Structures are given as structure tokens and as C-alpha cells.
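Examining the three-dimensional arrangement
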Amino acid sequence: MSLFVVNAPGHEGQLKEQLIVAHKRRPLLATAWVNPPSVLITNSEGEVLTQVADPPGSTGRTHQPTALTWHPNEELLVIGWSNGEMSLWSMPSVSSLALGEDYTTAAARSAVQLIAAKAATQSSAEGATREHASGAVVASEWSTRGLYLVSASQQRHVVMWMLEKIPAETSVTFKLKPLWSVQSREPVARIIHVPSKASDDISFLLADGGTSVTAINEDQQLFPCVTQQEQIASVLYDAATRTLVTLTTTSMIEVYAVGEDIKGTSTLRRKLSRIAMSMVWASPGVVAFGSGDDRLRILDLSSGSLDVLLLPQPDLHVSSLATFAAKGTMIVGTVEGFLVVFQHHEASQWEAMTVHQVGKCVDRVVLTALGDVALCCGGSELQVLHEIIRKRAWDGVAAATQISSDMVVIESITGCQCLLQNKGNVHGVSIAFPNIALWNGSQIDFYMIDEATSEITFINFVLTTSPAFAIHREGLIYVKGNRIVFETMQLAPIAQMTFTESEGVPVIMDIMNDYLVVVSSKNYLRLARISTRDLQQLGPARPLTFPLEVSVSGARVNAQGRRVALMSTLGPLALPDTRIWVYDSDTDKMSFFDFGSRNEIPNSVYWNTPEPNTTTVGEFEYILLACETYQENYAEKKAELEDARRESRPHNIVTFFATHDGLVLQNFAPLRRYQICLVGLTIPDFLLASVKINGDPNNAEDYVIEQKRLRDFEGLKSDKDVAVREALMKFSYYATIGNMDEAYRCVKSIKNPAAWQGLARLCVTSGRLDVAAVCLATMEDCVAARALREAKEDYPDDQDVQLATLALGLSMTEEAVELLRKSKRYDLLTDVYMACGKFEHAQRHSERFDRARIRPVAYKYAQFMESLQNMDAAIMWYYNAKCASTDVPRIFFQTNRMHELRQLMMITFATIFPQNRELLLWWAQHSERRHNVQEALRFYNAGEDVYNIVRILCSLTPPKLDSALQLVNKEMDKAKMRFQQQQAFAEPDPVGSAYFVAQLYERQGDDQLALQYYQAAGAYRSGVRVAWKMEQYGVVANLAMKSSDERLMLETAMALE
Amino acid sequence: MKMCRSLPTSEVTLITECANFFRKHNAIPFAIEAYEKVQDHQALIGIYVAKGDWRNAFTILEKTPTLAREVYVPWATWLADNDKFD
């Protein structure tokens, strides 16, 4: 998280939209004002250096500065006025003094820059009004090497100016001499330069806002380069690839390739689907533009594909654009007053880094050399915004968090809260309760905190420019020169220590409890112990090795003064780095961890901060490190809806265990949008600064010091016991290092079941089971214990299913379903999906992966509706489970809805039920129960159940033998059809119903017919008993052996005798 | 195919290997005819169970009863693909 400190140096005049100029490399900035017309020259951070009034020789008339331009290398400014004159503002160079290299601090360099700019000179170029024909100088442009100047007036004239850098006795002066006098069609809106070689030649382009883009070279002729059918709006040029882009007022863009003679050939032509359109270079070969709408548009010249970069907030309209190619940041300014900063990791590769709300109509956005954002807003308002990190501090009693340019919220865990507004800005904050101190560059102001009356009593200031300072209970430590001085709150000098220039100047100073860490500008680190009288240094300076240029930006020290966490930045532009550095001074070892693998960039890193008069803190609590980084279930959500309403780039609070064997990743925790920042670590409680309920982040009062328990400290809300807490710390440490046996040993002495559920979760994540049985048995959770025991009994060869069962018992659902996806067990996964009240997921999983447990899903839904007593869906879901022969009749009979079933079966329910075969057979059986024989026969015929029809027909009085014989012979013909098909592919299938017919003949003496129909039916046992009748015994053979029934053959062998 | 038919009857055996080139060329009927002239039934069974045709595959199975698992295993999965688990 970052915030833009705002400097708004007012001027008596009115600001101009496009008249802000920023030097590319030197931290300089200048802008024009009118009535009274002047120019304000300021540094990158926004402090005013100088102001320059009307050009020399003016006869009482103030002249409006109409054009400004910076020299690409020299700290030289050129100003074209409105009366035809031209002036050059030049300050004496700092390096001409040939002083020492003691300018290692920004404040000293700013001071020498200011004292150099005080004696600056504004020189007049002779005869400028003659060359511009008494016309206002509309535009100006230096060459790439800064040797040639081009000026354009309002009288349609273009003049070439030669720069002569002559040496003098004390400095180097500059003379501008006119060379040409070139006529233009219209006053030139923009002058661009083309270099001969990609990285002294004459190659310029002039755009006058009309239908002409006139090139010019050393030939002194204004030959056009490219002319289009419409009036041009703007031109955007890439010097490295010599790529020109012409944009018209009608949302038309053309891409040209500039040759040696400044001639363009069209290769990419495109159309875009009051604020004038703006267009800037987002990346080499990638152009970003906006048409005053809510969307950005990004064009890739290499591929020709145009994408739209969306803004989630409606009503926003882009007003101006700028880009910083060094870090890849676009600064979108809006009419409302919203500044959006985009940082690179074609539209999918960009992201919104941050959002800022200045709150005024942004006329123009400019970017200085160091990355500061100058803003012309409100017509006559200049605001320089400098990105600084959120300066937050915590001592052990209260937290002081910076939330704006100057507002600081100081709040304690006891309920005390107060607001601090510094007279100047805020750059550093140090708290050692009740002492508070703020550093704003030039001076450090230290006050007290009156907790009883919520007052802040100002003690005093020290006029020091040290970037490193720290206030303590006994006094304040601040750097002054090459030395550091530790004093009291009443400016009583207690001690001081001095360092040589070869040892550098301290840049980082961090104190906590009674330990101090000092880091210089050349990676020199010193650790010391503060006392009541002296500062006992522990060892000499130690160099550190980092396996462009690495500069350490921050240093934190644990409460032992033994291990140091280090934040470093890359390059002179201070690009944040994705590495955390841990240094063990006692063992003199250097370890690091990379945040690039997690796609995260850190902001701050914090050690554990023990409370005052609390000496029961072990070294495992001291080695813990915390850092902030940034990249069907209807009665379920309402339980956490209170938290969801308490909610009214992602945050990652990540904690490591700093080990002498290396850095081990302990735990990770996402945050929410109302938890703005982490102010420090107070074991076992995170100290996230948060906004209150239904609050606003920009409000100063709307801030509370929120305290959330660690993810490894579940179930410990008393925060009183010490032995349990330290044993849990050791358990977490041994779980992270993988020493699960020592974790078991540590939790064995803990009577809190929270340690046991932590160990059970560790067993889930480590594949341990017999220890997990003890974990479940210690928490008095017999449900999970018996579930694990049955899982072991049912699956003795699979530990994955047992682990999934344990995780499900431990309220770990997502881990369990992922494990069961890994473990192939889709049926158990479907059962779990049903058991969590998600029948839609069960249906999808059944229809996608395992298409064999969809009937259980339907049946379980039917039972769910039956218990819910929504029978309208219960009946249709019992039908969908293909169990309409046992359950839908049951659900009709039990609810006494028999009349509706009778009406349904008499022939949404009537569309499906009457034609179902199983329902018809059930109703036939039910009517046969009611002795309604004829209705049963009718329904059996409608359901095509030959066995039951033959049984009833043969059981009737008189027996309807003819139709029974017809059906029996039809089934015999079907069986013979099957056997003939089998033989053509190369004793048919017996027909059971024929058995009944034989029984009739068995009661009528028709022995031969009874035997024939028994044999056709497959009644070998009855075949024997009917073969015994007259005399035949061979027919007894070939029957028993067909059944492979040993008893039959045995008995026949006995009976043959 | 013209070359394979130009290979004489005693040289049909190498056509078996030539039939492999018909699968990589997605020439199914050419592979079938080459194999039936080869009298290679395992690869014919493989082609038939890959194309989903079962009548010819089962006739071939009845010709050589030893290759039953070469057809039943692809069919048992295929029946499970059409929800015929019974």
C-alpha cells in the first residue's frame, strides 16, 4: 500500500494546462502562470526552488510565458513569451564547485540546488521578435542531443536556433543565435525530433493543428512528410523504431515508418469506436489512448490487435495521460479527481496498481524525472504528488499509522485514540509510548500522548535533516553529519558516536525494546544495546552479500538484537524488490526468500513485538517474522451474514519462521478490503489497521486498531496462559519444519484441545493417522473418531480416503474434495457433495465423471423431499430414480392419496404415470390383492407380464386354457427365434409360464402334455415325477443333467435300482 | 493399396505390416481388406472395437474363440459408456 503526499505551492497567477515541463533525468520541474505571469521552477518532490518574472528589458508590461522546454542534459530552461521575446533560464552547476561527495542525503542536495538556483540568470536572445515577426512564441523543442532548438510563433514562422556553450571565469554561459526564417501554413502546435541513429542531425516534424505535418531538415526547406485527408489532431513518435502515429479529430489513427528523408509508409490503419483526445506511449510498440470515455484502449503495433482496458468504476472520464517507462506506470487523471496508477507485471498484462482521489478537475498530468506526478487541476491549481509508503509504527502499547499526507491515527489496544496533524508533511513516524515523533525532512517534532484526556502535548523540535531517527523512552536518536547523537526529550545530550566518511552515513535506524540497528548507505550494519547512560555497540560493522544496484530500504530487528529483516530496492529509481533478507548476526549468516514465486510484491516486514514488562517471551516467539504483500443450502450463508456486512489489490499477511537453517514459510492469511494495513505483530495477535463499519477510507476518524488471531492460534481467545501459548508456538514451529514428532511432544503437555485440532490438521497435511486418532480422542469428538475407525476398517489399503475422512471431520471440505478427486473415489465424493447440501454439484459430478450413481442422487433427493413433506417433487423424483414400482405407490398409500392413484391408473402426473409399465404391474398386483381378478388380468395384459397372465388364466374357474396356450406358444416362438439367431450367428430358453399349463394337465390326467410343457418350461423336478407315472425312464435321463443338480442325478441313480 | 494388391499371395504376410500403415493413414477399409487377406484377426478385432462395430467383431471372435478378452474388455467399458451396467 502506498499514498501520495501532496504539495500545493500556490501562485498569484493562473496555471496553464499544457505548459508544464519536466526534465527527463535531473529532478526538475517548471510551470507557467498568468496574471501575474511568471514561471515557477520546483524540484521533483514539489518544493519551490525559484520563480522568474517578466523577461528583462520589459517596459512595464508583464508578458505571458507561452512555451517552456527543458534541455535534455543541461539543467537549462527555455521560455518563449507572448511579446515575441525568448529567454533562457540557467543556474550555475553544482559540480562546478568541485566540492566533496558528502551530498549523500536528499535534503543537502536540495539545499545546494536551491542556493545554486538562487543566483540563476535569465538571458535574452537578441532579435527574437525580429525572427518571430513580433509574434508570440507558440512552441519550442530541443534536439535529442540538445544542440539545436526549434521555435514556432503565432505569426506562422518557424525559426532554427543554435546553442553555443561558452566558458566564463566562474561558470558556463549559453547563447542562442537565430539561423533560418521558415514560413509555415499555421502556427505549429507540436514540434517533434527524429534521431539519425537509435540510442546531432536535423530532422524535425511540425504539426500546426491543420491538415499538414511538415517535415524539415538541413536542406532548409519545409517539405511535408505525411499529409492526410483530414485535419490532424496529434502526432506520436517513437525514436528507436522511427515509428510515427498520426491521429485525427475523427478517431482515426495511421501508423507510418519514417525513412531517412523523413517519409512515412502506412502499415497499420485503424478507427476508434469537450475533452480533447490524448495519446501517449504505453510501451515500446504499444500505444495507449482514451477518448474522454470510461475505457482505455491499448494498441499493439507488432500484431495490430486493439484491446480495451476496462475501468470498474463508471462515470469516470479520462482527461489527460502520461507514462513512466522506467517502471511501466500509466497515470490516468479523471474529471472527477481520481488518479489511477497502472503498473506492468496486451491489455491482460496490465493491472491497476493503485487509486488516488485528488477530487478536482485534472487539467493535465505530467511526470518528473524521479517518478513524481505533477497535476494541473482546477484551472489554477498545481499539485505535486510523491508516492511514499504507508509510514506505520508500533512499539508495544499503541500504534501510530499514517493515513494521508499528514494525518496520523495514534490508537492503543486499551481504547485510547487520537489524531495528529503535522504542520508540514509526514515522512517518518516513531512511537515509544507515550512519546511520539514525526519527521518531515527539515525538522523533527516530538510530542507526548496524554492518554487520560486524549490530548497531545508538543515538547519540541530538532532541526535535523536526517532520514534516520528513532525516539525512545529515554531520548531521541538522530543523525547529524557523519555521527549519530542520542539525547533526551529536553535536548540533553546523553551520548554520541562518530563514523568516518569511509564508513558511510546512516540511512536506516530502528530501535525496539532496548536494541538498535543502524544501516548506512553502503551496506554497513551495526547492532547495539541502548542503556540508561550509554549505547553499548555489539561488534563492528559487518558487510552483507546479496546473491540493477541493490540498496537496502528498511531494517527491522527482533527483541534479542540477534536477527534482522531487510527490505531492499533496485535501481536509482528505487524499484521495490520481491526479496526478504534475514541476517543472523550471532551466526553471521545471510538467508533470503523470494516473493516473485507467489506473484506478490511486499510492502513492510515486521518482527514480533513483546509488550512492556512482559519478559515471559521465548526465542521461538522472537524468531517469528510477519510481512505484508500484495499481488440446497438455504440456511447456510445467514450465519456469516453478520461478518459479510462487517465487510461493508489483494492483501496477504504472510508469516515465516526465521531459522538458522533457512527461511521456512509458516503461514499465509488473506485480508479483506476494510483492513487497510498491518501495523505490527504482537504475539499471538495480528494488528491490522482497519476502517470501521460502513465507513470511508479517506475519513481521518474512520480507523480502528483491529486485532485478529493468528491462523495457528484458533480457539485461544483468553490470551492469558503462557505455557500453553509457548507450547503451541513450538508445535507450529515443528510442524512448519516438518518435525511432527516434536510437535506431538510439545502438544502432549497442552490440555487445550485447540492444540489437538491443530495437530489433527497437521496430520491431515502430513498423512499421519495413529496420532490423529489421539487428536480426535483428546477433543471429545467421537463422531470423527468412529468415522476414521470405519474408514480404516473399510479401506485398509488406501490412506487417502482415511485422510479425506479426517479432513471432513475437521471441517475441511475443499481439502477433502480435492483429496477425493486425487484418490479416484468419485462415489464417496458424490456422497460428500450430497452430504453438504449441494445436490447440484452431486448431479454435475454424477453426469460428468461417474455416470453410475445418479439413481442414488435422485433417490436421496426424493427422500429429502419426503422428509420435507413436499410430495409434489418427492413423487416425481422417486419416478426419476426408476423406483416407481415400490416407492411412488408407497408414497401414495401412506399419505392416503389412493383415489388420485386410482384416477391416474384408470387408463403432470397424467402425462407420465398411466403409461408406465411398472406402475401398471403394481396396480395389477394390488387389484389381485383386492380379489379383483378381472381388473388384475386387464392390467397384466396392459403391462405385458406373460407369467402372471398365464397364472391367472390357468387358476380361473373355468380355466381359460386357450389364451394361456396361445401366450405360451408365442413365448416359445420368441425363445426359438433367439436360439435360431444364435445358431445363425454361428435347447432354447425355457418359458416359465408354461409350467402353469402343465399343472392343469397334471390335474386332468394329460400326462404326455404335462410332461411336454414341464420340459419346455424347465421343470426337471416335475419332469421326474411325471415320468414316474406310466412306465418311461429314459425321459428321466437327459433332464437332471441339464440342470447340473447333483441331488437329482443321485436320486435317479438310487431309484433305477 | 495398389502395391499391396500387387504383392502376391505368399507375400501377403508382409502386407500385415503394411496394414499397420493403413491405420496411421486413417485408411480403415484398406486395413480391413489387407488383414482379412492376411487372416490376422487380433488387429481386425482392434479395428472393429476402435470403430464401434460389433457384429463383424463378434463373428471374428466366433472364428477364433481365444481372443474373447480382446472384445469383451472394450465392450464392457463401452456398455458402461451407454449406462448399461446391469
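Per the deposited record, determination of this structure is attributed to cryo-EM, with the resolution reported as 3.4 Å.

Quick look at the overall build of chain A now. When helices and strands are counted, chain A shows 27 helices and 62 strands. Over its C-alpha atoms chain A spans a radius of gyration of 45 Å, topping by over 25% the 31 Å that the globule rule assigns to 1057 residues. Dimensions of chain A, computed from the C-alpha atoms along their principal axes, are close to 150 × 80 × 55 Å. Counting across all 1057 residues of chain A, residues that qualify as buried make up 49%. Averaging the coordinates of the 99 positive side-chain charges in chain A and doing the same for the 121 negative ones gives two points 3 Å apart.

Take the environment of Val245(A) next. All names here are of chain A. Looking at the element boundaries, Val245 is found in strand β19 (residues 243-248). Residue classification places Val245 among the buried positions, given a relative accessible area of 2%. Taking the C-alpha atoms as reference, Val245 lies 9.2 Å from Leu268; in sequence the two are 23 residues apart. Residues contacting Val245, with those up to four places away along its chain left out, are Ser234, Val235, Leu236, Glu254, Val255 and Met279.

Counting 77 residues, the largest nonpolar core has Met905(A), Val950(A), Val997(A) and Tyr1013(A) as its most contacted members. If you look at the next biggest cluster of nonpolar residues, it comprises 58 residues, including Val605(A), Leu624(A), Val654(A) and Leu728(A).

The figure often quoted for interface size is the accessible area lost as the parts come together. Listed by partner, the interface residues are 6 residues for chain B and 5 residues for chain A. In total, chain B and chain A occlude about 520 Å² of area from one another, counting both sides; carbon and sulfur atoms represent 52% of this. Ranking the residues of chain B by area buried against chain A places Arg55(B), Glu62(B) and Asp83(B) at the top, with a combined share of 66%. Our count for the chain B to chain A interface comes out at 1 salt bridge. Linking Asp83(B) and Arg851(A) is a salt bridge whose minimum nitrogen-to-oxygen distance equals 2.7 Å. For the pair chain B and chain A, the number of links is 1 residue pair in polar contact. Its residues assigned to classes, the side of chain B that touches chain A shows 2 nonpolar, 1 polar and 3 charged.

Moving on, we come to the sheet that holds strand β25 (residues 306-309) of chain A. Residue and element names in this part refer to chain A. On the basis of which strands lie adjacent, the open sheet formed by 4 strands has the order β22-β23-β24-β25 and antiparallel pairing. Of all the strands in the sheet, the pair left with one neighbour each is β22 (278-283) and β25. Geometrically, the sheet is characterised by an average inter-axis angle of 30° between neighbouring strands, direction not taken into account. Alignment of strand β24 (residues 296-300) against β25, held across 4 bridges, turns out to be antiparallel. In the strand pairing of β25, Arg297 is matched with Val308.

All names here are of chain A. Interhelical geometry of helix α6 (residues 740-748) versus helix α7 (residues 753-766) gives an angle of 165° and a closest axis separation of 10 Å. Considered as vectors, α6 and α7 are oriented roughly antiparallel to each other. Note on packing geometry: the crossing formed by α6 with α7 is left-handed. Counted together, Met740, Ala743, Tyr744, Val747 and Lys748 of α6 and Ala755, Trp756, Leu759, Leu762, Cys763 and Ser766 of α7 form the full contact between these two elements. Its residues placed into classes, the contact of α6 with α7 shows 9 nonpolar, 1 polar and 1 charged.

Right, let's talk about the packing of aromatic side chains for a bit. Tallying each qualifying case throughout the model produces 31 aromatic pairs over all chains. Plain terms: the ring middles of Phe620(A) and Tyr733(A) are 5.5 Å apart, the flat faces sit at 55° to each other, and that makes the pair tilted. You can call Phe620(A) buried: its relative accessible area is 14%. When the centroid spacing of 5.4 Å and the interplanar angle of 55° are considered together, the rings of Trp1028(A) and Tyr1033(A) count as tilted. Residue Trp1028(A) is classed as partly exposed on the basis of its relative accessible area of 36%. Among the aromatic residues, those joined into a ring-pair cluster are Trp54(B), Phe58(B), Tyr72(B), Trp75(B) and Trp78(B). Looking at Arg529(A), its charged tip hangs above the ring of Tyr515(A), at a distance of 4.5 Å from the centre.

Positionally, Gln343(A) belongs in strand β29 (residues 338-344). Among the polar contacts listed, one links the side chain of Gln343(A) to the backbone oxygen of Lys327(A), at a separation of 2.8 Å.

Cut-offs used in this document
- Residues carry numbers counted from 1 along their chain as the sequence is written. These may differ from the entry numbering, and residues without coordinates are not shown.
- By the order in which they are written, chains take letters starting at A while ligands take numbers starting at 1.
- Remember that the shown chains come from a larger assembly, so read each value as a statement about the shown part.
- Neither water nor hydrogens contribute to the side-chain values; these are computed over all heavy atoms in the structure.
- Secondary structure counts use DSSP, requiring at least four H or I residues in a row for a helix and at least two E residues in a row for a strand, with both numbered from the N terminus.
- The quantity called the radius of gyration is restricted to C-alpha atoms. Its globule counterpart is 2.2 Å times the number of residues to the power 0.38.
- Burial status follows relative accessibility: with a 1.4 Å probe on protein chains alone, a residue under 20% of its type maximum counts as buried, one over 50% as exposed, and anything between as partly exposed.
- Charge assignment: positive for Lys and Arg, negative for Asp and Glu; neither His nor the chain ends contribute.
- Where a charge sits is defined by one atom per residue type, namely NZ (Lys), CZ (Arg), CG (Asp) or CD (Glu).
- For this analysis, residues touch if any pair of their heavy atoms sits within 4.5 Å.
- Put simply, a nonpolar core is a bunch of buried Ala, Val, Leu, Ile, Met, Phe, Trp, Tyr and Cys residues held in one set by side-chain atoms that sit within 4.5 Å of each other.
- Summed over both partners, the accessible surface that disappears when two parts come together, traced with a 1.4 Å probe, is what is meant by buried area.
- Just to be clear on terms, a salt bridge is a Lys or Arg side-chain nitrogen sitting within 4 Å of an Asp or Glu carboxyl oxygen.
- Contacts described as polar in this section are N or O atom pairs within 3.5 Å, which, within protein, must combine one atom able to donate a hydrogen with one able to accept it, while residues neighboring in sequence count only if both atoms come from side chains.
- Polarity classes work like this: nonpolar for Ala, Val, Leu, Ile, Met, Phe, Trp, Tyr, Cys and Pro, charged for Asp, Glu, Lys and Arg, and polar for all others, with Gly in that last group.
- Here, any two strands with at least 2 DSSP bridges between them count as paired.
- Axes here mean lines fitted to C-alpha atoms, for a helix over just the part in contact, with angles spanning 0 to 180 degrees between N-to-C directions.
- Roughly parallel means an angle under 35 degrees; roughly antiparallel, over 145; roughly perpendicular, 65 to 115; everything else is oblique.
- The hand of a helix crossing depends on one turn: near helix anticlockwise from the far one by less than a right angle means left-handed, and clockwise means right-handed.
- Two rings from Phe, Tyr or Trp (for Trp, the six-membered ring) form a pair when their centres sit within 6.5 Å of each other. Planes less than 30 degrees apart are called stacked, planes more than 60 degrees apart edge-to-face, and all others tilted.
- Ring-over charges, as used throughout, are those where CZ of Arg or NZ of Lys falls within 6 Å of the ring centre and within 35 degrees of the ring normal.

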